[PDB]
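**Q** got a sequence here, can you model it:
(4 chains, ligands or ions: 2)
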Amino acid sequence: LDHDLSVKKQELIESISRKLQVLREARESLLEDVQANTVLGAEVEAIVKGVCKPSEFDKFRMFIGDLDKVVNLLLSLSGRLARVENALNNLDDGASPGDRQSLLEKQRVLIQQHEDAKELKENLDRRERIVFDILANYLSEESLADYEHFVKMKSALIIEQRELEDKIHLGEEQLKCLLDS
Amino acid sequence: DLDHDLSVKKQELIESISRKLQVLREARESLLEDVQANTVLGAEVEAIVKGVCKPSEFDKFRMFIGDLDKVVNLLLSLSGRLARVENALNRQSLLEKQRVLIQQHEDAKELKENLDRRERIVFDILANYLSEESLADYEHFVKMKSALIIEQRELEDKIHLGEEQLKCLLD
Amino acid sequence: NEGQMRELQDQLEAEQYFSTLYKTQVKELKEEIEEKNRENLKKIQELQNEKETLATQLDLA
Amino acid sequence: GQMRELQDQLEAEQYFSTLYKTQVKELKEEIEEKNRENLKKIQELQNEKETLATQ
Ligand SMILES: [Cl-]
Ligand SMILES: [Cl-]
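**A** Numbering: from 1, shown residues only, chains lettered A, B, ... in the order given. Ligands and ions are numbered 1, 2, ... in the order given. Next up is the structure itself:
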């Protein structure tokens, strides 16, 4: 029976390794995509500098910077919240009650921070509609479509990248732990 | 046999530090009486404002007081670490930390400015609502708290250091 | 290293205080904007009504 | 070893401080602009009331 088990281990290892390979390829392709979207962004910025007065442009650049920062914030924050959540879940029964209470407190503070970040998302969207309405008058419709596509693509693409990175990291971890056997 | 000379020099030094440390502890106790009395007085002022003042203006008052502790303690922790890194001169990674630290210090200065603004506003709104005596109690209370946390932290740092050297030398 | 730990803890305290103070300030700012907006609205209502009382006089003469 | 998590917390509160600061800026600029516009309008209508007053 030992043969069956060993070959089973080998099968699993090979499969997981394949998944890791395909995910890496996806990392490369997606990186090409981020490069392209970045170039489109630079183009939009160039076009807007000409038509937009200095205040409008400062609100624009400030807006995008705050976008990147906001997204990364929500992803890191949601990350720690998920980790603490799974820790509390799989935590052994009994052990220490003060530990369960401290972890619950971490859950509380993280969820509150999440609400604050939510309000921040609302305000940032307000800013987005503000810049959208102001810039709609200044620029053409085609370049405008390219702009909107770009802005949405930046955030969505950043998230896609980070989630993928998490998956590949995890797969690599389970693979390593399994090979150690 | 100058080893004797050195040993007695130590013994004298440690004795001195023990004395000064005692003085600092007693002074800390008196300061503790002061913080308690001032805190109860604070509760009283809060009650009077609760009765006489409006809910909104009262809310800005609570905002002000809550923000006060945070501002003061912030400047004390910030000035503390800044002194730690500046004294740390007595592979150049630190220079960047110094930069961010001074920038944070300027930002905190701006925050102090706004807090002082709010202090003037709460003072103006409260002068009309309250008596001159109760007003004296309010001003005395706010300034007493602000200065008092600083004094407390300074003393606590001093004593903590004295204990550090006493223990370190005493083996 | 423990000095790194403690130093980072102090940093966290700092940025916490920063965030909190900026939050309270933003709130007081929004409340202040609504208050001044409202009071000013009142003022323009008064002024326009006084200009109306002044306007009705010219009609007769 | 788990201090890197604490570093993550610090990064989070950094983002907080930055975003709230930027928001405060846009708010201050917003109050100065809006106040300026109000001053303009009230000045205008006051001037109309003055031209009417000379009658
Ligand atoms: Cl928060
Ligand atoms: Cl800062």
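**Q** residue A:117 against residue A:77, yeah?
**A** Yes. When contacts are counted by C-beta atoms under 8 Å, residue A:117 is listed as touching residue A:77 (6.2 Å). C-beta coordinates here come from the backbone N, C-alpha and C atoms, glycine included.
**Q** the more surrounded of those two?
**A** Counting neighbours by other C-beta atoms under 10 Å in any protein chain shown for residue A:117 and for residue A:77 shows that residue A:77 has the greater number, 22 against 18.
**Q** I'd assumed residue D:27 was in contact with residue C:30.
**A** Yes. Residue C:30 is within contact range of residue D:27, at 7.3 Å (criterion: C-beta under 8 Å).
**Q** quick one, which of these two is more surrounded?
**A** Just comparing residue C:30 and residue D:27: by other C-beta under 10 Å the higher neighbour count belongs to residue D:27, 17 against 11.
**Q** for that one, give me its contacts.
**A** By C-beta atoms under 8 Å, 6 or more residues apart in numbering or on different chains, the contact list for residue D:27 reads C:26, C:29, C:30, C:33.
**Q** if we use 6 Å, what do you get?
**A** Residues counted as contacts of residue D:27 (C-beta atoms under 6 Å, 6 or more residues apart in numbering or on different chains) are residue C:29.
**Q** any idea how far residue C:22 is from it?
**A** The gap separating residue D:27 from residue C:22 is 11 Å, by C-beta to C-beta, to the nearest Å.
**Q** also residue A:162?
**A** In terms of C-beta to C-beta, residue A:162 sits 26 Å off from residue C:22.
**Q** mind checking which helix or strand the closest residue to ligand 1 within chain C is in?
**A** Residue of chain C nearest ligand 1, by C-beta to the ion: residue C:19 (5.6 Å). Counting by DSSP states H and E, the element that carries residue C:19 is helix C:2-60.
**Q** quick check: angle from that helix to helix D:3-53?
**A** 10 degrees (axes from the mean of the first three to the mean of the last three C-alpha atoms, to 10 degrees).
**Q** what about helix C:2-60, distance to the chain center?
**A** 0 Å (C-alpha atoms, centre = their mean, to the nearest Å).
**Q** cool, and stretch A:61-70?
**A** With C-alpha atoms, centre = their mean, you get 14 Å for stretch A:61-70.
**Q** give me the contact list for that stretch.
**A** With C-beta under 6 Å, 6+ apart, stretch A:61-70 has contacts from A:124, A:127, A:131, D:15, D:22.
**Q** chain center to the lengthiest helix in chain A: distance?
**A** In terms of residue count, the longest helix belonging to chain A (DSSP state H) is helix A:2-51. The chain centroid and the centroid of helix A:2-51 are separated by 14 Å, computed with C-alpha atoms, centre = their mean.
**Q** what helices and strands are in contact with it?
**A** The helices and strands touching helix A:2-51, judged by 3 or more C-beta pairs under 6 Å, 6 or more residues apart in numbering or on different chains; DSSP states H and E, are helix A:141-180.
**Q** buried residues, the helix it packs on. List them.
**A** A:144, A:146-147, A:150-151, A:153-155, A:157-158, A:161, A:168, A:175 (16 or more other C-beta atoms under 10 Å in any protein chain shown).
**Q** try stretch A:42-49
**A** In stretch A:42-49, counting by 16+ other C-beta under 10 Å, buried: A:44, A:45, A:47, A:48.
**Q** which two among these are spaced furthest apart?
**A** Using C-beta to C-beta, these span at most 7.4 Å, a distance reached by A:45 and A:47.
**Q** circling back to that earlier point, from the buried residues of stretch A:42-49, pick the one nearest chain B.
**A** Within the buried residues of stretch A:42-49, proximity to chain B (C-beta to the nearest C-beta) peaks at residue A:45, which comes in at 26.4 Å.
**Q** for the closest one, give its distance to ligand 1.
**A** Separation of residue A:45 from ligand 1 (C-beta to the ion, to the nearest Å) stands at 32 Å.
**Q** residue A:41 now?
**A** With C-beta to the ion as the criterion, residue A:41 and ligand 1 are 30 Å apart.
**Q** name the nearest residue to that residue, sequence neighbours excluded.
**A** The spatially closest residue to residue A:41, leaving aside those adjacent along the chain, is residue A:150, at 5.3 Å (C-beta to C-beta, 6 or more residues apart in numbering or on different chains).
**Q** then residue A:130?
**A** residue A:59 (7.5 Å).
**Q** which element is the one you found on?
**A** With DSSP H and E as the criterion, the answer for residue A:59 is helix A:54-90.
**Q** residue A:169 and chain B: what is the separation?
**A** Using C-beta to the nearest C-beta, to the nearest Å, residue A:169 is found at 28 Å from chain B.
**Q** go on, residue C:53?
**A** From residue C:53 to chain B the distance is 32 Å (C-beta to the nearest C-beta).
**Q** which ones are touching the residue nearest the centre of chain A?
**A** For chain A, the residue nearest the mean C-alpha position is residue A:159 (2.7 Å; C-alpha atoms, centre = their mean). Contacts for residue A:159 (C-beta under 6 Å, 6+ apart) come out as none.
**Q** swap in 8 Å and give it another go.
**A** A:71, A:75.
**Q** next one: the one 5 residues further on
**A** Neighbour list for residue A:164: A:23, A:26, A:27, A:30 [criterion: C-beta under 8 Å, 6+ apart].
**Q** now those residues in a markdown table, with neighbour count and distance to residue A:99?
**A** Listed next are those as a markdown table, based on neighbours: other C-beta atoms under 10 Å in any protein chain shown; distance: C-beta to C-beta, whole Å:
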| residue | neighbour count | distance to residue A:99 |
| --- | --- | --- |
| A:23 | 16 | 35 |
| A:26 | 14 | 39 |
| A:27 | 13 | 37 |
| A:30 | 15 | 39 |
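**Q** can you put these in TSV and add distance to residue A:2?
**A** Below are those laid out as TSV (distance: C-beta to C-beta, whole Å):
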residue	distance to residue A:2
A:23	32
A:26	37
A:27	37
A:30	42
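**Q** hang on, the earlier thing: do the helix holding residue A:59 and ligand 1 meet?
**A** No. Against ligand 1, helix A:54-90 shows no contacts by C-beta under 5 Å from the ion, the least distance being 10.1 Å.
**Q** quickly note the distance from residue A:2 to residue C:52.
**A** Taken as C-beta to C-beta, the span from residue A:2 to residue C:52 is 100 Å.
**Q** and the residue of chain A found nearest chain C, how many residues sit next to it?
**A** Relative to chain C, the nearest point of chain A is residue A:116 (7.6 Å; C-beta to the nearest C-beta). Neighbour count of residue A:116, defined by other C-beta under 10 Å: 15.
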